[PDB]
>>> print(open('work_9.txt').read())   # compact mmCIF, C-alpha atoms and all ligand atoms
# COMPACT_ATOMS: atom_id res chain seq x y z
CA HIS G 4 -7.91 7.69 11.91
CA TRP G 5 -5.58 5.86 9.42
CA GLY G 6 -6.18 6.16 5.69
CA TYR G 7 -4.37 6.83 2.38
CA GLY G 8 -4.26 10.65 2.34
CA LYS G 9 -1.31 13.04 2.79
CA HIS G 10 -1.85 13.33 6.54
CA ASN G 11 -2.93 9.80 7.47
CA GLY G 12 -1.51 7.58 4.70
CA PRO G 13 1.10 4.78 4.54
CA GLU G 14 4.01 7.05 5.54
CA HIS G 15 2.19 7.79 8.85
CA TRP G 16 1.10 4.29 9.79
CA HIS G 17 4.21 3.36 11.76
CA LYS G 18 3.30 5.84 14.53
CA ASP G 19 0.23 3.77 15.53
CA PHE G 20 1.52 0.41 14.17
CA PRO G 21 5.34 0.32 14.57
CA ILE G 22 5.55 -3.09 12.89
CA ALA G 23 5.11 -1.00 9.69
CA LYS G 24 8.94 -0.91 9.64
CA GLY G 25 9.32 -4.63 10.45
CA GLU G 26 11.22 -7.43 8.78
CA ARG G 27 8.35 -8.99 6.72
CA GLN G 28 6.12 -6.22 5.45
CA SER G 29 3.84 -6.28 2.40
CA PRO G 30 3.40 -5.53 -0.43
CA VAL G 31 6.75 -5.96 -2.25
CA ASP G 32 8.06 -5.66 -5.78
CA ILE G 33 8.31 -9.09 -7.43
CA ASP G 34 11.64 -9.10 -9.35
CA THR G 35 10.84 -11.93 -11.79
CA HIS G 36 14.47 -12.62 -12.64
CA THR G 37 15.41 -13.06 -8.93
CA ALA G 38 12.39 -15.18 -7.88
CA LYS G 39 13.58 -18.81 -7.75
CA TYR G 40 11.54 -21.57 -9.33
CA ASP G 41 10.85 -24.11 -6.50
CA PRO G 42 9.89 -27.54 -7.87
CA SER G 43 8.96 -28.71 -4.35
CA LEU G 44 6.00 -26.25 -4.32
CA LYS G 45 2.66 -28.04 -4.89
CA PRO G 46 -0.08 -26.74 -7.17
CA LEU G 47 -2.55 -24.46 -5.40
CA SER G 48 -5.85 -26.12 -4.44
CA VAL G 49 -8.73 -23.59 -4.66
CA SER G 50 -12.01 -25.20 -3.54
CA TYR G 51 -14.72 -22.57 -3.87
CA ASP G 52 -17.59 -24.70 -5.26
CA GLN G 53 -19.56 -24.45 -1.90
CA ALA G 54 -18.75 -20.82 -1.12
CA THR G 55 -21.53 -18.90 0.67
CA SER G 56 -21.22 -15.14 0.25
CA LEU G 57 -23.12 -13.05 2.85
CA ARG G 58 -22.70 -9.27 2.59
CA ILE G 59 -20.98 -6.52 0.56
CA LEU G 60 -19.62 -3.71 2.78
CA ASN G 61 -17.88 -0.34 2.29
CA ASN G 62 -15.42 -0.35 5.23
CA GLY G 63 -14.03 3.16 4.57
CA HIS G 64 -10.78 1.67 3.08
CA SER G 65 -12.10 -0.62 0.31
CA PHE G 66 -15.23 -2.65 -0.29
CA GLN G 67 -15.45 -6.27 0.68
CA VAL G 68 -17.58 -9.36 0.10
CA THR G 69 -17.80 -11.51 3.23
CA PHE G 70 -18.37 -15.28 3.31
CA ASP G 71 -19.60 -17.80 5.85
CA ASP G 72 -16.37 -19.11 7.34
CA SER G 73 -18.10 -21.24 10.09
CA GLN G 74 -17.29 -24.46 8.12
CA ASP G 75 -14.83 -25.61 5.42
CA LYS G 76 -16.97 -24.42 2.45
CA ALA G 77 -14.51 -22.32 0.46
CA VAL G 78 -10.91 -23.28 1.18
CA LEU G 79 -7.37 -22.73 0.00
CA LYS G 80 -4.81 -25.53 0.48
CA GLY G 81 -1.63 -26.88 -1.12
CA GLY G 82 0.79 -24.54 -2.79
CA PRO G 83 3.15 -23.37 -0.04
CA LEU G 84 0.51 -23.96 2.63
CA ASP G 85 0.27 -26.59 5.36
CA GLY G 86 -3.30 -27.38 6.38
CA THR G 87 -6.52 -25.67 5.44
CA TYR G 88 -7.35 -21.98 5.03
CA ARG G 89 -10.98 -20.78 5.02
CA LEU G 90 -12.11 -17.84 2.84
CA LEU G 91 -13.32 -14.95 5.06
CA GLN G 92 -13.62 -12.13 2.48
CA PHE G 93 -12.34 -10.53 -0.73
CA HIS G 94 -11.69 -6.88 -1.41
CA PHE G 95 -9.73 -4.73 -3.88
CA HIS G 96 -7.15 -1.97 -4.10
CA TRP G 97 -7.20 0.42 -7.05
CA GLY G 98 -5.98 3.69 -8.44
CA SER G 99 -7.19 7.06 -9.64
CA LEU G 100 -5.96 6.10 -13.12
CA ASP G 101 -5.07 2.81 -14.79
CA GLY G 102 -1.28 3.16 -14.29
CA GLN G 103 -1.47 2.62 -10.53
CA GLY G 104 -3.62 0.77 -8.03
CA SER G 105 -1.94 -2.55 -7.34
CA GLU G 106 -0.02 -3.14 -4.12
CA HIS G 107 2.39 -5.78 -5.42
CA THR G 108 4.31 -4.80 -8.49
CA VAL G 109 6.06 -7.05 -11.01
CA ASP G 110 9.43 -5.72 -12.19
CA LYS G 111 8.18 -2.28 -10.96
CA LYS G 112 5.07 -2.51 -13.17
CA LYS G 113 1.88 -1.36 -11.40
CA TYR G 114 -1.48 -2.85 -12.36
CA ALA G 115 -4.72 -0.88 -12.32
CA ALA G 116 -5.97 -2.84 -9.33
CA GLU G 117 -5.39 -5.90 -7.14
CA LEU G 118 -7.88 -8.40 -5.75
CA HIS G 119 -7.19 -10.02 -2.36
CA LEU G 120 -8.98 -13.17 -1.27
CA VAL G 121 -8.28 -13.42 2.48
CA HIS G 122 -8.16 -16.87 4.11
CA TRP G 123 -7.28 -17.94 7.69
CA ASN G 124 -5.72 -21.16 9.04
CA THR G 125 -8.37 -23.40 10.60
CA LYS G 126 -5.85 -24.70 13.13
CA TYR G 127 -6.21 -21.34 14.97
CA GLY G 128 -10.01 -21.52 15.06
CA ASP G 129 -10.84 -17.88 14.34
CA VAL G 130 -9.38 -14.99 12.39
CA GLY G 131 -8.50 -12.89 15.47
CA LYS G 132 -6.28 -15.75 16.71
CA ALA G 133 -4.85 -16.41 13.24
CA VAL G 134 -3.58 -12.83 12.80
CA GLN G 135 -1.36 -13.37 15.89
CA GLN G 136 0.50 -16.27 14.15
CA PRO G 137 3.21 -16.23 11.48
CA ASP G 138 1.23 -18.76 9.40
CA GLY G 139 -2.24 -17.50 10.30
CA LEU G 140 -3.45 -16.09 6.98
CA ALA G 141 -3.07 -16.85 3.33
CA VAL G 142 -3.94 -14.08 0.92
CA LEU G 143 -4.43 -14.89 -2.71
CA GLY G 144 -3.55 -11.86 -4.79
CA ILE G 145 -4.79 -11.35 -8.34
CA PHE G 146 -3.79 -8.45 -10.63
CA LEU G 147 -6.35 -6.49 -12.72
CA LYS G 148 -5.52 -4.86 -16.03
CA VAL G 149 -7.95 -2.79 -18.14
CA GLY G 150 -9.21 -4.41 -21.34
CA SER G 151 -12.14 -6.72 -21.87
CA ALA G 152 -14.86 -7.01 -19.25
CA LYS G 153 -14.72 -9.66 -16.54
CA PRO G 154 -18.23 -11.17 -16.58
CA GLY G 155 -17.86 -12.68 -13.12
CA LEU G 156 -17.16 -9.23 -11.66
CA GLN G 157 -20.29 -7.63 -13.05
CA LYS G 158 -22.61 -8.62 -10.16
CA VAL G 159 -20.20 -6.80 -7.76
CA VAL G 160 -19.99 -3.68 -9.96
CA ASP G 161 -23.78 -3.35 -10.19
CA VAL G 162 -24.38 -3.03 -6.45
CA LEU G 163 -21.57 -0.55 -5.69
CA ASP G 164 -24.08 2.36 -5.98
CA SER G 165 -25.85 0.96 -2.90
CA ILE G 166 -22.69 1.11 -0.71
CA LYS G 167 -21.27 4.46 -1.79
CA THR G 168 -20.11 5.70 1.62
CA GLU G 169 -18.29 4.25 4.68
CA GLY G 170 -20.45 1.91 6.78
CA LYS G 171 -23.01 1.03 4.10
CA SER G 172 -23.61 -2.62 3.39
CA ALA G 173 -26.03 -4.84 1.51
CA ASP G 174 -27.10 -8.43 1.07
CA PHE G 175 -24.79 -10.18 -1.37
CA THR G 176 -25.71 -13.83 -1.50
CA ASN G 177 -25.03 -16.49 -4.14
CA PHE G 178 -21.90 -14.83 -5.51
CA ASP G 179 -19.40 -17.34 -6.92
CA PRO G 180 -15.80 -16.15 -6.49
CA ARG G 181 -14.57 -18.75 -9.02
CA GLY G 182 -15.71 -16.21 -11.60
CA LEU G 183 -12.89 -13.89 -10.48
CA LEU G 184 -10.01 -16.29 -11.19
CA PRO G 185 -7.64 -16.31 -14.17
CA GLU G 186 -6.97 -19.47 -16.20
CA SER G 187 -3.58 -20.22 -14.68
CA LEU G 188 -2.85 -20.78 -11.03
CA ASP G 189 0.88 -20.21 -11.56
CA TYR G 190 2.09 -18.10 -8.62
CA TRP G 191 4.78 -16.34 -6.63
CA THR G 192 4.92 -16.78 -2.85
CA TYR G 193 6.73 -15.12 0.01
CA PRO G 194 6.13 -14.52 3.78
CA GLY G 195 4.63 -11.12 4.53
CA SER G 196 2.04 -9.03 6.29
CA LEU G 197 -1.38 -7.43 6.18
CA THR G 198 -1.09 -4.41 3.82
CA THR G 199 -3.49 -2.35 6.02
CA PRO G 200 -3.35 -1.71 9.72
CA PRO G 201 -2.68 -3.53 11.94
CA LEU G 202 0.05 -4.65 9.43
CA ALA G 203 0.40 -7.98 11.36
CA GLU G 204 3.17 -10.22 10.03
CA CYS G 205 0.87 -13.21 9.71
CA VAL G 206 0.43 -13.74 5.94
CA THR G 207 1.65 -16.31 3.43
CA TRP G 208 1.30 -14.33 0.19
CA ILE G 209 0.27 -16.20 -2.95
CA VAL G 210 0.30 -13.81 -5.98
CA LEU G 211 -0.91 -15.22 -9.32
CA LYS G 212 1.26 -14.38 -12.41
CA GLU G 213 -1.75 -14.14 -14.74
CA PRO G 214 -3.82 -10.94 -14.42
CA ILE G 215 -7.55 -10.76 -15.03
CA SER G 216 -8.90 -8.26 -17.56
CA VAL G 217 -11.66 -5.88 -16.37
CA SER G 218 -13.35 -3.15 -18.48
CA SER G 219 -12.81 0.58 -18.08
CA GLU G 220 -16.52 0.77 -17.11
CA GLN G 221 -16.02 -1.80 -14.35
CA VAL G 222 -13.04 -0.02 -12.72
CA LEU G 223 -14.75 3.39 -13.19
CA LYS G 224 -17.48 2.10 -10.86
CA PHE G 225 -14.82 1.29 -8.19
CA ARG G 226 -13.70 4.93 -8.49
CA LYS G 227 -17.19 6.32 -7.66
CA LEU G 228 -17.09 4.94 -4.11
CA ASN G 229 -16.29 7.31 -1.28
CA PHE G 230 -13.85 7.01 1.67
CA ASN G 231 -16.13 9.29 3.67
CA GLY G 232 -19.35 8.58 5.56
CA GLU G 233 -22.62 9.99 4.21
CA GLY G 234 -22.96 13.74 4.96
CA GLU G 235 -19.18 14.38 4.98
CA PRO G 236 -17.20 16.13 2.28
CA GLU G 237 -17.02 13.75 -0.69
CA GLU G 238 -13.57 12.17 -1.06
CA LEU G 239 -13.37 9.56 -3.83
CA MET G 240 -12.18 6.08 -2.83
CA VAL G 241 -9.15 5.89 -5.11
CA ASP G 242 -5.48 5.11 -4.59
CA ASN G 243 -6.22 2.85 -1.62
CA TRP G 244 -2.94 0.94 -2.06
CA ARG G 245 0.12 0.65 0.12
CA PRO G 246 3.40 1.04 -1.85
CA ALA G 247 6.03 -1.71 -2.09
CA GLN G 248 8.05 -2.25 1.05
CA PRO G 249 11.63 -3.42 1.56
CA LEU G 250 12.13 -7.12 0.83
CA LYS G 251 14.92 -7.44 3.47
CA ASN G 252 15.93 -11.11 4.20
CA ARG G 253 13.20 -12.73 2.12
CA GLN G 254 13.09 -14.93 -0.92
CA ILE G 255 10.23 -14.89 -3.39
CA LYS G 256 9.66 -18.37 -4.83
CA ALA G 257 7.88 -19.17 -8.12
CA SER G 258 5.62 -22.19 -8.72
CA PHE G 259 6.51 -22.17 -12.45
CA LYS G 260 9.55 -22.17 -14.79
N1 LIG O 301 -5.01 -5.91 2.28
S1 LIG O 301 -4.95 -7.15 3.24
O1 LIG O 301 -3.54 -7.40 3.63
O2 LIG O 301 -5.62 -8.31 2.58
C1 LIG O 301 -5.82 -6.82 4.81
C2 LIG O 301 -7.31 -6.88 4.68
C3 LIG O 301 -7.96 -6.38 5.95
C4 LIG O 301 -8.19 -7.30 7.11
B1 LIG O 301 -7.00 -7.50 8.36
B2 LIG O 301 -7.93 -7.65 9.84
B3 LIG O 301 -7.33 -9.11 9.03
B4 LIG O 301 -8.66 -9.85 8.12
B5 LIG O 301 -10.12 -8.86 8.37
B6 LIG O 301 -9.68 -7.50 9.44
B7 LIG O 301 -8.47 -6.51 8.59
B8 LIG O 301 -9.80 -7.25 7.68
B9 LIG O 301 -9.19 -8.71 6.88
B10 LIG O 301 -7.54 -8.80 7.36
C5 LIG O 301 -8.96 -9.10 9.70
ZN ZN O 302 -5.84 -6.09 0.51
>>> encode(input="work_9.txt", output="structure tokens", more="lines below")
Ligand SMILES: [N]S(=O)(=O)[C][C][C]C1234B567B89%10B5%11%12B5%13%14B%15%16%17B8%18(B961B%18%152B5%163B%11%1374)C%10%12%14%17
Ligand SMILES: [Zn+2]
Amino acid sequence: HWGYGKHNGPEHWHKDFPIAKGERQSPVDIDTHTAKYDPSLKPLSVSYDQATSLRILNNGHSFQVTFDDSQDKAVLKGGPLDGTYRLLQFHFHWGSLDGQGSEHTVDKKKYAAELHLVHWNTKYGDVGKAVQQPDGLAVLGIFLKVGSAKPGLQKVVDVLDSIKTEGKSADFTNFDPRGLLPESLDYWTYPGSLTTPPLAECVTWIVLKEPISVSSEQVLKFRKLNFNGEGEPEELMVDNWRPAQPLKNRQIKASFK
């Protein structure tokens, strides 16, 4: 029932998921002048060399690439994190035009899209258990701006025609998510939540300062997807982003000066 439209969008979500109005909701605006450099923060450790992608899926809210998370193959550690977080999937949020689409904003600036690599804490054993914990998930967030093409995104873009509508999926093996990363791993971090229902307050957010550049042709292919199932009135999958939420009693910390 939930979505991003007038009648089921972010302003409605609190009725089914009252934590929508909680103390540690995501996304937020990153005020770069207020974020405190924290020299105790470690560099982020991103170990994706043995990542095993499985499937690409249109879930009705975004598209996602799922990975084998039954061993420590593709893991996030270090940074603000204690212990080891396994990559489960990545997905994106994007706009109807280039001036909106990201969930986090930086000094109120919206990017055209935002990539989320979702990882869960292996000390909880599975992702259902992890989402019930305040340190269950770590989501690595990467901004997209429109410019030059991102070569490492092209293999994703070229199969989107095969998953146009909600429920469709396809084989998507041997995809290397290292090809989605910017040069710098400089980041901001804060405690937050899932940005979709169930909005569980279980996420350590790690948002990279450096955006990736994607081409107008790449993002245009995101915009051809459909929220609807096949045979329903065609409603383009665009503006699938939750707006910034109140920061409340939270501090955003920077890994960099
Ligand atoms: N936009 S976001 O905060 O990364 C939430 C992404 C959606 C999900 B929530 B649940 B938790 B894990 B799986 B399923 B839904 B799916 B993934 B994360 C599980
Ligand atoms: Zn997301």
>>> residues_near_ligand(input="work_9.txt", ligand="ligand ZN 302 (chain O)", cutoff="10 Å", atoms="all atoms listed in the file", output="MDAnalysis selection string")
chainID G and resid 29:30 64:65 67 93:96 105:106 117:121 142:144 197:199 243:245
>>> axis_aligned_box(input="work_9.txt", around="region 127-131 of chain G", padding_each_side="6 Å", output="lines of an AutoDock Vina configuration file")
center_x = -8.5
center_y = -17.2
center_z = 13.9
size_x = 16.6
size_y = 20.6
size_z = 15.1
>>> residues_around(input="work_9.txt", residues="residue 151 (chain G)", least_positions_apart="6", cutoff="6 Å", atoms="all atoms listed in the file", output="VMD selection string")
chain G and resid 216 to 218
>>> atom_distance(input="work_9.txt", atom1="CA of residue 181 (chain G)", atom2="CA of residue 53 (chain G)")
10.4 Å
>>> closest_residue(input="work_9.txt", among="G:109, G:44, G:241, G:202", to="ligand LIG 301 (chain O)", atoms="only C-alpha atoms and all ligand atoms")
G:202
>>> atom_distance(input="work_9.txt", atom1="CA of residue 242 (chain G)", atom2="CA of residue 149 (chain G)")
15.9 Å
>>> closest_residue(input="work_9.txt", among="G:11, G:69, G:74, G:165", to="residue 56 (chain G)", atoms="all atoms listed in the file")
G:69
>>> residues_around(input="work_9.txt", residues="residue 248 (chain G)", least_positions_apart="6", cutoff="9 Å", atoms="all atoms listed in the file", output="PyMOL selection string")
chain G and resi 24+27-32
>>> residues_around(input="work_9.txt", residues="residue 42 (chain G)", least_positions_apart="4", cutoff="9 Å", atoms="only C-alpha atoms", output="list in words")
residues 257, 258, 259 and 260 of chain G
>>> atom_distance(input="work_9.txt", atom1="CA of residue 57 (chain G)", atom2="CA of residue 177 (chain G)")
8.0 Å
>>> residues_around(input="work_9.txt", residues="residue 189 (chain G)", least_positions_apart="3", cutoff="12 Å", atoms="only C-alpha atoms", output="PyMOL selection string")
chain G and resi 40-41+44-48+82+143-145+184-186+192+209-214+256-260
>>> closest_residue(input="work_9.txt", among="G:122, G:208, G:150, G:7", to="residue 191 (chain G)", atoms="all atoms listed in the file")
G:208
>>> closest_residue(input="work_9.txt", among="G:140, G:90, G:38, G:79", to="residue 54 (chain G)", atoms="all atoms listed in the file")
G:90
>>> residues_around(input="work_9.txt", residues="residue 172 (chain G)", least_positions_apart="6", cutoff="9 Å", atoms="all atoms listed in the file", output="mmCIF file with C-alpha atoms, keeping the file's coordinate frame")
data_model
loop_
_atom_site.group_PDB
_atom_site.id
_atom_site.type_symbol
_atom_site.label_atom_id
_atom_site.label_comp_id
_atom_site.auth_asym_id
_atom_site.auth_seq_id
_atom_site.Cartn_x
_atom_site.Cartn_y
_atom_site.Cartn_z
ATOM 1 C CA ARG G 58 -22.700 -9.270 2.590
ATOM 2 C CA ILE G 59 -20.980 -6.520 0.560
ATOM 3 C CA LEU G 60 -19.620 -3.710 2.780
ATOM 4 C CA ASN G 61 -17.880 -0.340 2.290
ATOM 5 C CA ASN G 62 -15.420 -0.350 5.230
ATOM 6 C CA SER G 165 -25.850 0.960 -2.900
ATOM 7 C CA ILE G 166 -22.690 1.110 -0.710
#
>>> closest_residue(input="work_9.txt", among="G:251, G:132, G:76, G:112", to="ligand LIG 301 (chain O)", atoms="only C-alpha atoms and all ligand atoms")
G:132
>>> closest_residue(input="work_9.txt", among="G:84, G:250, G:255, G:163", to="residue 225 (chain G)", atoms="all atoms listed in the file")
G:163
>>> decode(input="work_9.txt", residues="region 54-76 of chain G", atoms="N, CA, C and O atoms", output="PDB file, in the first residue's frame")
ATOM      1  N   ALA G  54      32.761 -10.280  -3.945  1.00  0.00           N
ATOM      2  CA  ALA G  54      31.329 -10.110  -4.019  1.00  0.00           C
ATOM      3  C   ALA G  54      30.725 -11.025  -5.077  1.00  0.00           C
ATOM      4  O   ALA G  54      31.316 -11.226  -6.150  1.00  0.00           O
ATOM      5  N   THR G  55      29.572 -11.625  -4.733  1.00  0.00           N
ATOM      6  CA  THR G  55      28.825 -12.515  -5.613  1.00  0.00           C
ATOM      7  C   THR G  55      27.419 -11.961  -5.788  1.00  0.00           C
ATOM      8  O   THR G  55      26.532 -12.176  -4.942  1.00  0.00           O
ATOM      9  N   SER G  56      27.200 -11.230  -6.875  1.00  0.00           N
ATOM     10  CA  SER G  56      25.851 -10.730  -7.149  1.00  0.00           C
ATOM     11  C   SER G  56      24.998 -11.917  -7.629  1.00  0.00           C
ATOM     12  O   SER G  56      25.517 -12.876  -8.222  1.00  0.00           O
ATOM     13  N   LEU G  57      23.705 -11.866  -7.327  1.00  0.00           N
ATOM     14  CA  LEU G  57      22.740 -12.916  -7.704  1.00  0.00           C
ATOM     15  C   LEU G  57      21.686 -12.490  -8.735  1.00  0.00           C
ATOM     16  O   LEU G  57      21.561 -13.062  -9.826  1.00  0.00           O
ATOM     17  N   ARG G  58      20.907 -11.491  -8.368  1.00  0.00           N
ATOM     18  CA  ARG G  58      19.670 -11.140  -9.082  1.00  0.00           C
ATOM     19  C   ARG G  58      19.485  -9.621  -9.140  1.00  0.00           C
ATOM     20  O   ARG G  58      19.974  -8.925  -8.279  1.00  0.00           O
ATOM     21  N   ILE G  59      18.807  -9.126 -10.174  1.00  0.00           N
ATOM     22  CA  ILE G  59      18.363  -7.722 -10.223  1.00  0.00           C
ATOM     23  C   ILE G  59      16.847  -7.778 -10.184  1.00  0.00           C
ATOM     24  O   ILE G  59      16.253  -8.602 -10.851  1.00  0.00           O
ATOM     25  N   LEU G  60      16.216  -6.922  -9.381  1.00  0.00           N
ATOM     26  CA  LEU G  60      14.771  -7.074  -9.058  1.00  0.00           C
ATOM     27  C   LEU G  60      14.168  -5.674  -9.042  1.00  0.00           C
ATOM     28  O   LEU G  60      14.758  -4.786  -8.456  1.00  0.00           O
ATOM     29  N   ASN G  61      13.027  -5.495  -9.717  1.00  0.00           N
ATOM     30  CA  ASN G  61      12.135  -4.339  -9.501  1.00  0.00           C
ATOM     31  C   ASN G  61      11.168  -4.693  -8.391  1.00  0.00           C
ATOM     32  O   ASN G  61      10.283  -5.519  -8.592  1.00  0.00           O
ATOM     33  N   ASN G  62      11.339  -4.041  -7.238  1.00  0.00           N
ATOM     34  CA  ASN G  62      10.532  -4.303  -6.019  1.00  0.00           C
ATOM     35  C   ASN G  62       9.319  -3.383  -5.862  1.00  0.00           C
ATOM     36  O   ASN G  62       8.696  -3.379  -4.813  1.00  0.00           O
ATOM     37  N   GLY G  63       8.995  -2.602  -6.884  1.00  0.00           N
ATOM     38  CA  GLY G  63       7.873  -1.674  -6.861  1.00  0.00           C
ATOM     39  C   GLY G  63       8.194  -0.307  -6.286  1.00  0.00           C
ATOM     40  O   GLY G  63       7.385   0.626  -6.494  1.00  0.00           O
ATOM     41  N   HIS G  64       9.350  -0.195  -5.587  1.00  0.00           N
ATOM     42  CA  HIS G  64       9.842   1.038  -4.941  1.00  0.00           C
ATOM     43  C   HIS G  64      11.218   1.527  -5.438  1.00  0.00           C
ATOM     44  O   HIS G  64      11.618   2.652  -5.174  1.00  0.00           O
ATOM     45  N   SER G  65      11.954   0.645  -6.086  1.00  0.00           N
ATOM     46  CA  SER G  65      13.282   0.932  -6.623  1.00  0.00           C
ATOM     47  C   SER G  65      13.643  -0.322  -7.413  1.00  0.00           C
ATOM     48  O   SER G  65      12.789  -1.212  -7.579  1.00  0.00           O
ATOM     49  N   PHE G  66      14.872  -0.409  -7.889  1.00  0.00           N
ATOM     50  CA  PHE G  66      15.396  -1.696  -8.333  1.00  0.00           C
ATOM     51  C   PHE G  66      16.600  -2.031  -7.458  1.00  0.00           C
ATOM     52  O   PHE G  66      17.285  -1.144  -6.953  1.00  0.00           O
ATOM     53  N   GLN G  67      16.872  -3.304  -7.289  1.00  0.00           N
ATOM     54  CA  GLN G  67      17.961  -3.692  -6.451  1.00  0.00           C
ATOM     55  C   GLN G  67      18.773  -4.806  -7.072  1.00  0.00           C
ATOM     56  O   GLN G  67      18.217  -5.634  -7.797  1.00  0.00           O
ATOM     57  N   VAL G  68      20.055  -4.850  -6.729  1.00  0.00           N
ATOM     58  CA  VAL G  68      20.935  -5.978  -7.034  1.00  0.00           C
ATOM     59  C   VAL G  68      21.250  -6.658  -5.726  1.00  0.00           C
ATOM     60  O   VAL G  68      21.726  -5.996  -4.837  1.00  0.00           O
ATOM     61  N   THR G  69      20.970  -7.960  -5.642  1.00  0.00           N
ATOM     62  CA  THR G  69      21.112  -8.750  -4.429  1.00  0.00           C
ATOM     63  C   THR G  69      22.394  -9.576  -4.517  1.00  0.00           C
ATOM     64  O   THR G  69      22.812  -9.964  -5.635  1.00  0.00           O
ATOM     65  N   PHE G  70      23.012  -9.822  -3.362  1.00  0.00           N
ATOM     66  CA  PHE G  70      24.277 -10.524  -3.275  1.00  0.00           C
ATOM     67  C   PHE G  70      24.113 -11.718  -2.353  1.00  0.00           C
ATOM     68  O   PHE G  70      23.219 -11.732  -1.513  1.00  0.00           O
ATOM     69  N   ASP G  71      24.999 -12.692  -2.510  1.00  0.00           N
ATOM     70  CA  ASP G  71      25.100 -13.803  -1.573  1.00  0.00           C
ATOM     71  C   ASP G  71      25.702 -13.301  -0.273  1.00  0.00           C
ATOM     72  O   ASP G  71      26.891 -12.991  -0.203  1.00  0.00           O
ATOM     73  N   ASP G  72      24.881 -13.218   0.764  1.00  0.00           N
ATOM     74  CA  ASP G  72      25.347 -12.799   2.076  1.00  0.00           C
ATOM     75  C   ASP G  72      25.432 -13.989   3.072  1.00  0.00           C
ATOM     76  O   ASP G  72      25.328 -13.771   4.270  1.00  0.00           O
ATOM     77  N   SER G  73      25.607 -15.209   2.558  1.00  0.00           N
ATOM     78  CA  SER G  73      25.743 -16.425   3.400  1.00  0.00           C
ATOM     79  C   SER G  73      27.186 -16.686   3.888  1.00  0.00           C
ATOM     80  O   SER G  73      27.425 -17.649   4.605  1.00  0.00           O
ATOM     81  N   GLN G  74      28.144 -15.864   3.455  1.00  0.00           N
ATOM     82  CA  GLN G  74      29.496 -15.795   4.043  1.00  0.00           C
ATOM     83  C   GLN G  74      30.005 -14.357   3.960  1.00  0.00           C
ATOM     84  O   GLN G  74      29.421 -13.537   3.257  1.00  0.00           O
ATOM     85  N   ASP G  75      31.130 -14.098   4.623  1.00  0.00           N
ATOM     86  CA  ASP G  75      31.841 -12.815   4.558  1.00  0.00           C
ATOM     87  C   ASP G  75      32.595 -12.685   3.227  1.00  0.00           C
ATOM     88  O   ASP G  75      33.797 -12.905   3.167  1.00  0.00           O
ATOM     89  N   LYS G  76      31.878 -12.344   2.168  1.00  0.00           N
ATOM     90  CA  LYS G  76      32.456 -12.188   0.812  1.00  0.00           C
ATOM     91  C   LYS G  76      32.637 -10.722   0.412  1.00  0.00           C
ATOM     92  O   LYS G  76      33.541 -10.380  -0.323  1.00  0.00           O
TER      93      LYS G  76
END
